[PDB]
Structure formats: C-alpha cells, structure tokens
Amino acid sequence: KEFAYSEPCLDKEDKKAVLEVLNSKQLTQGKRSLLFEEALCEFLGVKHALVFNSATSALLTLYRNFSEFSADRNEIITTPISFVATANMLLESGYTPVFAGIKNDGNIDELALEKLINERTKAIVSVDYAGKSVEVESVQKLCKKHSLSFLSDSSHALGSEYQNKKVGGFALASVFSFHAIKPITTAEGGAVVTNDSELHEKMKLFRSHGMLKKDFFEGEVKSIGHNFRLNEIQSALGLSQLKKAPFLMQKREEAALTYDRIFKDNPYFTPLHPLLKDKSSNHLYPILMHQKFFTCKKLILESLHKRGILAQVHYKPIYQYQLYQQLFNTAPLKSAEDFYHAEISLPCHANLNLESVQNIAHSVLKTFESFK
C-alpha cells in the first residue's frame, strides 16, 4: 500500500467537464480558457489572469515582460529553496539570481534582503514555500523603498491567505501552478495574475506569437511571442477543479491536523503546520528533522520508502546544482543547508483519509525510533 507525497484528485464532475469539451469543435483558443481566467480573478480578487501550458512558461512570460531588460539592472533577489525553475527562468530572461537566506519555515527571510540590494537590483522574487505566505507587508515596503519590483512565485499557494486575504494580488504579479499534484490541477498548466492592465496585455501577446488582431484575415506582429496557450480540455478541468478548491484545501488541512495531533511533542522532528498564522493551500506537509539525524537522511528516506511512504525533499538549494556552481560559484547559506538537510515532505493530498494518515504518522514515528 504505497503513498505518493501528492496525487491528482479528480471526480465525476471533472470527467463530465472534459467529455463536454471533446464533443465541441473548439479544442483551443476558445471560451473555456477565458471562463477559467475570469473565475480565477473572482476567486483571488484580482483584476487580470492569464493561463499557460505550465507555471514555468508563466514565470518566463512574467520575467520577460514585467519590465524591459537592461544590462545595468540585471540582478534579481530570490530564494534558493524553490524548485529550480524559479531560477532557470531568470537566467533565460538574462538576469543573475542573488540568493537570500531563509527562515525555519523555508520562506525567504524578509530581514536579510536589505544586506543584498545594490545598483543592479531590479526585483525580489519570493516563493510561498509549502503554500505558506511570505511576510508580504515587509517585502512590499522594502520594494517601494528601493524602487524594486515585487514578484511572487505562488505555485504552491493557490488558496493560501495572508492576514485573512488570499494570495495573488499583493505583488506586481503572481504565478500559480496547476500541475497534476498541485492544489488544483489542469494536468499541466499555470497562470500569471496581476492588477496592472498593461502587464496583462503585454504577456497575453507573448503567450501567443505576438499576434494582434486586424483585418480578420490579416494580423500584426510588433514583438516576439510563443505558443504557451492552455487548451480547452485543460481549461474545463481547471474551471471544474477551481469550483471545489476550498473543499480540497480543507481535506488537506484535515490531513495536516491529524498529523499534528499524533506528532505533538515527538523527540525526532518539528512539523511546520502548527506554526501557521494564516490559512495555507497545504500543498506540502513538511517535517524538519533534528540535527542528530542529518547523517541518516538517505537511510531515513529509504526506510520510509520500504514502509510505503514515498517521502520527497523540497528543496535542494538551487545554487548547489552544477549549472549554478559553474556560473556563480555561490558560497553556501547555512539557513538553506540546514533546512535542506532537515526537510522531509510527507504524503498530503485531498484523497488521504483519516486511517491512511494515522497509519502513515505512526509509521513515520516507528522509522525514527529505529535509529537514535
């Protein structure tokens, strides 16, 4: 009885909505992506939404279009505790990533950003790690104080709130992901949401060949564009999943709460969930091992896998990859290293019932006792 760390959660209505699209003659560039984009705007309380084939494609369109590029303003500060894509797309946009420290919770350290700004600094890119909001008030005030763009990678955090308001409209722009195992899914897919109308329209054309309507037969191209559209089949699934996002988020919060209960005051590791101040998407359920276990990681992990718990680790500090060590040869950050050595993401998704969570939790405990 094997448990992936996350799974898609599709139901009858989701399937019904996909079938409906298979019966029509518009498979792409149609009503359903617009409908999906409108429903996100409503859901998040923002003005503008664009859906893409992936969040990685959405990150790129944002990075390329928030402002024009200047070799004099070429550094962007971001976290090294993110999926590599957050960084890879900076490089594809011509920026140099500058890596900040993080906190116990895995989020970018709002205190340690000051130290790192210089003349080259163009933006801060934050990540709502595990779906937990970063300290928005701070980064905003800092970004204003320094004429910096605030960009939010909120891939994990569709549904998450900060001071009882849903993440999405705190930054110049925010990226979400609808990858298979994310809070809601379109199989693959992402979005950029924004309150700036000019940004929206500019990254709308980047998304689709830079084609402006004209004759009906003829169009105009003033700038480059790709084909990063999200098709109608995946838009229908998105609509359908969105309509139940608060229910799905609550099923995960329930899993989190069962874990907390059973894990309370254990001698082995610190779960992050009880430390939440606002509502979270609960994309991941992280535990942070105590130092004594660091040299056991792999053995701890293999021992979990053998019990059917396919635990993962989020994330390897980005600067540690070969690509980043060749380009920047970055000096390690202790906040990053410690978190990486400590973090384990346990199974957490909407489809896990009480029994499975109980079994998994008790079983995690047996694993750590196995050592000492």
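In case it trips you up, residue 1 is the first one in the sequence shown, and so on.
With 153-161 and 135-143 compared on mean CA B-factor from the PDB entry, the stretch scoring higher is 135-143.
When the two stretches 328-336 and 308-316 are set side by side, the higher mean Cα temperature factor goes to 328-336. For the set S174, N74, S281, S240, the PDB entry assigns the largest Cα B-factor to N74. Of the candidates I181, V84, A236, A123, it is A123 whose Cα B-factor is highest according to the PDB record. Among all modelled residues in this chain, the alpha-carbon of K244 has a temperature factor (C-alpha) in the lowest third. Ranked within its chain, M203 lands in the middle third, by CA B factor from the PDB record. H349 sits in the lowest third of its chain by CA B factor, as recorded in the PDB entry. Among all modelled residues in its chain, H273 ranks in the middle third by Cα B-factor. Sort the chain's modelled residues by C-alpha temperature factor and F52 lands in the lowest third, per the entry.
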